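Novice: Chains as they are written, first to last, in the entry's author numbering: chain B, 1 to 50; chain B', 1 to 178, 182 to 247; chain B'', 1 to 178, 182 to 247; chain A, 42 to 78, 87 to 128, 137 to 269; chain A', 42 to 78, 87 to 128, 137 to 269; chain C, 13 to 247. A prime marks a further copy of an entry chain. Take a look at the following structure, please.
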């Protein structure tokens with residue numbers, strides 16, 4: 001097959017990783033997005049408010 | 001999925017690998033790069049810069065008197081002022097230099113060097129030196145007669161107070177057999196009094212020489228090692244303060 | 001991430017794999033390639049070079065006398081000087097040759113060979129030989145009459161002192177059954196005195212033959228093994244000096 | 042002592058690059074701690098001044114800019138052999154550091170904790186450039202405290218942060234010693250203003266003192 | 042002893058290539074060391098003269114140029138079964154070699170240390186071509202020391218370097234023996250000036266002596 | 013075209029008729045892309061590109077062989093021996109002209125073979141050969157065990173090296189033209205010998221009279237010498 005070797009840092013749980021994991025309930029459609037007023041895209045929008 | 005088998009050398013931590021790892025704080029913007037003057041892209045740029053030699057090479061010369069060779073009326077007619085053993089690795093004039101200490105981080109090293117002998121007497125002080133490059137394998141000259149037979153340069157210090165001195169290809173490395184195996188010899192740069200020193204009645208009778216050493220662009224270094232110039236033996240103070 | 005499962009044969013160290021591994025000193029430039037004369041790209045180039053046979057094949061011949069066959073007035077009219085059993089594997093003339101010792105690193109081997117019999121008597125020394133290639137399966141000739149019936153070459157050594165002798169396709173291998184199983188026979192190259200040796204009164208009565216053996220371009224080797232010509236039994240001296 | 046020589050046939054300047062000079066995973070920290078449940090864990094303020102081999106090699110430069118690629122190599126020694142889970146929580150400047158093995162700071166969501174086992178390959182995280190100046194002042198001619206008789210040569214900006222390593226496991230019937238070897242390979246290295254190599258031996262890790 | 046024969050149907054010269062002839066991961070070193078914390090570690094100057102099978106096979110050539118692909122196969126035997142971490146630090150020419158298990162040379166950042174466990178697959182590193190001549194002189198007709206009555210046939214350039222293997226673990230309650238098998242597969246092989254195959258048995262690993 | 017006439021030395025023989033470019037390579041100077049080799053190798057002219065004719069060795073019936081290690085055979089001789097004792101580097105191929113003058117009533121065969129890196133072995137001991145056992149000089153050395161070439165490896169396979177046969181029936185001469193045979197681009201003559209001219213009589217000398225004192229004369233021409241500079245301009 002594909003010759004693969006393990007790097008150091010294999011099998012570690014880094015709490016700041018961004019690896020997509022196996023979804024628990026796949027083929028489950030969530031509730032569709034409703035336009036809720038006042039979305040915060042950025043925490044500086046909280047800070048710029050008096 | 002993807003059929004993968006483990007190679008030998010899997011799960012090993014090789015200290016000289018170049019595998020990008022999982023960043024601890026991703027989506028953290030670092031401080032932006034500011035144009036700081038004098039970036040070193042290459043350690044040979046450190047080596048090509050001139051640096052003073054310890055050309056006095058006497059045992060009694062402690063510390064700062066090693067950087068200069070005093071010439072006077074005591075040097076009578078033909079005196080060996082200094083020989084410079086061109087072994088960067090071995091203890092001598094070229095040991096504690098920029099070409100000296102950076103080439104002790106590397107095992108194998110080869111290239112041309114470039115000496116500069118700046119005379120530091122008075123303006124009235126006249127005289128001559130004969131700076132003699134002995135190639136490796138040849139014998140070091142003991143007399144000034146033997147010194148002018150080989151490669152030399154008769155330097156009258158009149159208005160000319162500095163000599164660029166190209167040395168061809170000082171090479172060498174470290175060795176180990178089945182240690183105590185150094186470089187044999189890469190030649191010498193000796194200096195004999197051609198004339199006597201001439202100073203007037205107001206200038207000082209004792210004048211000095213500063214020697215420099217730099218590498219040219221053809222100097223090269225490889226097989227990086229650890230430099231034994233430093234070493235901890237007992238302790239460093241407050242070494243446990245990085246843990247407490 | 002990437003769904004990967006482990007195959008059988010994962011984490012194994014197969015000694016005949018061709019997987020590139022993590023280099024110990026990466027970003028280390030090795031010494032550049034210098035054109036050294038006589039590169040061997042292929043071990044058959046070692047085999048195609050001629051090499052002396054041990055054509056004397058008597059038990060009393062110790063060492064260097066094995067390389068030559070002495071002919072004299074003792075060889076009366078029709079004497080078997082030498083047979084060359086064409087078994088490279090078995091102990092004989094072709095054992096300790098270049099075609100002999102490189103074909104003991106390989107199990108299966110097949111191809112044409114090429115003998116060269118250089119006569120090393122005086123210039124005045126005349127006579128005849130009859131060099132007889134017996135094919136495999138045939139019987140070795142005992143008399144010179146039987147020798148000229150098969151494939152032969154009647155060689156008068158007048159000005160002609162060397163014979164290129166193409167042997168067609170000496171093959172063979174090793175065997176093992178449910182060992183003691185060698186190649187049967189791949190024929191012979193025998194030599195009988197056709198005439199008597201003629202030397203004058205000043206040349207020596209005893210003249211000699213050097214035989215060579217080389218492979219042609221069609222000789223081939225496969226299933227590489229270990230050659231049993233060498234073997235350590237007790238010790239080598241200072242073998243622990245590579246560790247101490 | 043014999044004296045040999047050989048023709049040195051080289052080609053290239055690429056091995057003397059500063060990216061190539063300093064990027065070696067050198068051991069930067071090694072202490073053992075007894076475990077039975087510092088109070089039985091491993092914390093260490095990340096500096097390069099702990100070992101004089103990397104220190105003099107980095108004190109060739111004034112300013113450095115590197116991503117430190119910390120590799121926590123953990124070995125264990127029993128005073137049965139257990140399998141253990143560790144936490145090499147990296148504590149930056151500003152986040153609080155643990156004082157005990159079971160403090161509330163180990164479960165901080167904002168600290169970059171990495172959870173790894175001893176039977177795994179060694180844990181490796183790339184700590185980024187976190188000086189708030191644009192380079193690490195290897196030498197800081199100046200004071201942290203504003204006209205205060207405190208400590209000289211400590212840049213307030215050059216703090217990497219404490220690297221705190223504990224054992225996630227609770228009390229176990231065997232007491233054992235855990236030696237945490239931290240290997241740092243600086244990478245993406247820019248370096249400014251080269252300096253003379255230090256000749257005299259060091260006296261402390263806080264400063265550039267010398268005995269002679 | 043029966044005498045059989047078979048029609049040998051072959052095709053190709055590719056198996057007799059010198060790249061194909063020598064690139065077999067042959068065992069080049071094997072010694073055991075007791076461990077309790087040489088003084089309980091494994092060091093070995095990398096030569097091919099330790100075993101006569103690879104030695105005669107490489108003494109078919111005068112000059113060789115290969116990347117040695119060292120595979121450290123480590124097995125362990127107890128005099137509970139522990140899991141161990143090892144360090145196969147490769148010490149080139151010029152870097153100092155350890156004398157004890159806990160010397161300061163094991164933590165050298167410039168030496169190419171590889172940290173591996175016994176329960177892992179075997180550690181494999183590709184040591185490059187590090188002769189400073191452009192090929193390894195298998196036979197060196199000449200002397201290292203310049204007109205010195207020392208040792209004949211030792212090229213100063215052909216030193217690979219010591220391969221030093223220790224156990225990173227500290228003291229443990231069980232004493233155990235560790236046998237380190239080093240497998241070297243030379244690769245990227247160029248070879249020059251073929252030589253006669255050696256007939257007489259070897260007398261030493263230092264030289265080409267013979268008894269007859 | 014060979015023309016055995018190098019410098020002031022020359023060999024006016026008649027029956028030479030062939031030479032052997034060793035490993036198919038003619039000796040040349042150091043190539044210009046190898047500037048690493050210190051920047052000043054002088055290229056000496058026919059001061060050293062000349063035949064250095066050694067002693068004629070007395071080949072009898074009971075002679076085992078002769079070996080001259082190159083350039084150890086020429087480190088005491090003439091302008092090559094002077095330059096060796098001053099220059100620490102050199103890079104020289106060699107032209108060897110061995111000829112064994114004999115009548116038409118002599119017999120024998122010389123394996124005039126040039127062995128690159130002939131690391132000799134001592135017999136029946138584990139001590140390595142000393143400096144005086146290896147470095148002989150103008151006299152050369154005699155093979156102790158020529159069937160194993162004094163290094164345990166066979167004479168029968170020694171034709172893998174560059175060799176010519178002096179079969180005294182056919183030819184009296186052998187000419188082997190050696191290139192620079194080293195891993196290094198230049199090397200060190202007082203402590204290393206790249207080649208070893210080995211003359212092994214495979215078939216011994218034979219005539220019905222008393223043991224014939226047939227001379228074998230060796231002439232070694234160091235073609236395409238280089239050395240250390242020693243005359244560099246320090247600016």
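We put the beta carbon where it would ideally sit given N, CA and C, even for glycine.
Would you say residue 9(B') faces chain B, with C-beta separation under 8 Å as the test?
Specialist: So, interface residue.
Novice: Please classify residue 3(B'') as buried or exposed, where buried requires at least 16 other C-beta atoms within 10 Å of its C-beta.
Specialist: With fewer than 16 Cβ atoms within 10 Å of its Cβ, residue 3(B'') is classed as exposed.
Novice: Near residue 264(A), what residues of its chain come up, given a Cβ to Cβ distance below 8 Å and the 5 sequence neighbours on each side ignored?
Specialist: So the qualifying residues of the chain are 209 and 210.
Novice: Measure from the alpha carbon of residue 230(A') to the alpha carbon of each residue in 173(A'), 269(A') and 128(A'), then state which is nearest.
Specialist: It is 128(A').
Novice: Kindly indicate which residue of 72(A), 248(A) and 175(A) has the alpha-carbon position closest to the one of residue 11(B').
Specialist: It is 175(A).
Novice: When you compare the CB positions of residue 57(A') and residue 226(B''), do they come within less than 8 Å of one another, or not?
Specialist: No, they are not a contact pair.
Novice: My guess is that residue 252(B'') and residue 49(A') are in contact by the Cβ rule of under 8 Å, so how many angstroms apart are they, rounded?
Specialist: Chain B'' is shown only over 1 to 247; residue 252(B'') falls outside these bounds and no answer can be derived.
Novice: Just to make sure I have the definition right: I need the residues of chain A whose C-beta is within less than 8 Å of the C-beta of residue 46(B'). Which are they?
Specialist: Simply 109 and 251.
Novice: Buried or exposed for residue 67(A'), going by 16 or more other Cβ atoms inside 10 Å?
Specialist: By the 10 Å Cβ count, residue 67(A') comes out buried.
Novice: Please go through the same chain and pick out, in chain order, the residues whose beta-carbon is closer than 6 Å to the beta-carbon of residue 232(A'), but skip the five residues on each side of it.
Specialist: Excluding residues within five positions, the ones whose Cβ falls inside 6 Å are 77 and 128.
Novice: Can you find the residues in the same chain that come closer than 7 Å, C-beta to C-beta, to residue 115(B''), ignoring five residues on each side of it along the sequence?
Specialist: 165, 167, 192, 214, 215 and 216, listed in sequence order.
Novice: When DSSP labels each residue in this structure, what does residue 226(B') get in the three-state scheme?
Specialist: Note: residue 226(B') maps to strand in three-state DSSP.
Novice: So which residues of chain B'' does residue 4(B) contact, with C-beta pairs closer than 8 Å?
Specialist: Simply 4.
Novice: Within 10 Å of its beta-carbon, does residue 119(A) have 16 or more other beta-carbons around it, so buried, or fewer, so exposed?
Specialist: Residue 119(A) should be labelled buried.
Novice: Check distances from the C-beta atoms of the segment 13 to 46 of chain B to those of chain B' and list, in chain order, the residues that come in under 8 Å.
Specialist: Cβ contacts with chain B': 14, 16, 17 and 18.
Novice: If you check the beta carbons only, do residue 201(A) and residue 113(A) fall under 8 Å apart?
Specialist: The answer is no: Cβ separation not under 8 Å.
Novice: Where DSSP assigns a beta bridge to residue 23(B''), which residues make up the other side?
Specialist: In DSSP, residue 23(B'') forms a bridge with 183(A').
Novice: What does DSSP give as the partner residue(s) for residue 145(B'') in the beta ladder?
Specialist: According to DSSP, residue 145(B'') bridges with nothing at all.
Novice: May I ask you to report which of helix, strand or coil DSSP gives residue 65(B'')?
Specialist: It is helical.
Novice: Start and end of the beta strand (DSSP E) containing residue 97(C)?
Specialist: Taken as a continuous stretch (DSSP letters only), residue 97(C) belongs to no beta strand (DSSP E), as it is neither H nor E.
Novice: Taking 8 Å as the threshold (beta carbon to beta carbon), is residue 48(A) in contact with chain C?
Specialist: Residue 48(A) counts as touching chain C.
Novice: Touching or not, the segment 144 to 158 of chain C and the segment 72 to 90 of chain C, by the rule of three or more beta carbon pairs under 8 Å?
Specialist: Flag = yes, the segment 144 to 158 of chain C and the segment 72 to 90 of chain C touch.
Novice: Taking 6 Å as the limit between beta carbons, can you name the residues of its chain near residue 93(A'), skipping five residues before and five after?
Specialist: Closer than 6 Å at the Cβ level, and outside the excluded window around residue 93(A'), lie 70 and 220.
Novice: Where does residue 64(A') fall in DSSP's three states?
Specialist: Coil.
Novice: Please name the residues in the segment 87 to 100 of chain A' whose beta-carbon is closer than 7 Å to at least one beta-carbon of chain C, in chain order.
Specialist: If the cut-off is 7 Å between Cβ atoms, the segment 87 to 100 of chain A' has nothing near chain C.
Novice: Could you confirm whether any beta carbon from chain B'' is found closer than 8 Å to the beta carbon of residue 249(B')?
Specialist: With chain B' covering only 1 through 247, there is no way to say anything about residue 249(B').
Novice: What does a CB cutoff of less than 6 Å around residue 124(A) pick up in its chain, not counting 5 residues either side in sequence?
Specialist: Closer than 6 Å at Cβ, skipping near neighbours: 236.
Novice: Going along chain B' in order, which residues have a C-beta closer than 7 Å to the C-beta of residue 87(C)?
Specialist: Within 7 Å Cβ-Cβ: nothing; residue 87(C) doesn't reach chain B', min ~13 Å.
Novice: What residues match up with residue 114(A') in a beta bridge as DSSP calls it?
Specialist: The partner list for residue 114(A') (beta bridge, DSSP) reads 247(A').
Novice: Along the chain, where does the alpha helix (DSSP H) that runs through residue 143(C) open and close?
Specialist: Note, residue 143(C): alpha helix (DSSP H), 143 to 146.
Novice: Residue 96(C) versus chain A: which residues are under 7 Å apart at the beta carbon?
Specialist: Within chain A, no residue comes near residue 96(C); the closest Cβ sits about 15 Å away, beyond 7 Å.
Novice: Anything in chain C within Cβ reach of residue 218(A'), meaning under 9 Å, just list it in chain order.
Specialist: Under the 9 Å cutoff, chain C gives no residues; its nearest Cβ is about 18 Å from residue 218(A').
Novice: The beta strand (DSSP E) spanning residue 220(A) covers which residue range?
Specialist: Its beta strand (DSSP E) spans residues 219 to 224.
Novice: Using DSSP with H/G/I as helix, E/B as strand and the rest coil, what is residue 56(A)?
Specialist: It is helical.
Novice: Within a Cβ cutoff of 8 Å, which residues of the same chain sit near residue 68(B'), ignoring the five residues on either side of it in sequence?
Specialist: The answer, listed in chain order, is 55, 56, 120, 211, 212 and 213.
Novice: So which residues on chain A' does residue 169(C) lean against when the C-beta distance must stay under 7 Å?
Specialist: Neighbours of residue 169(C) on chain A', chain order: 253 and 254.
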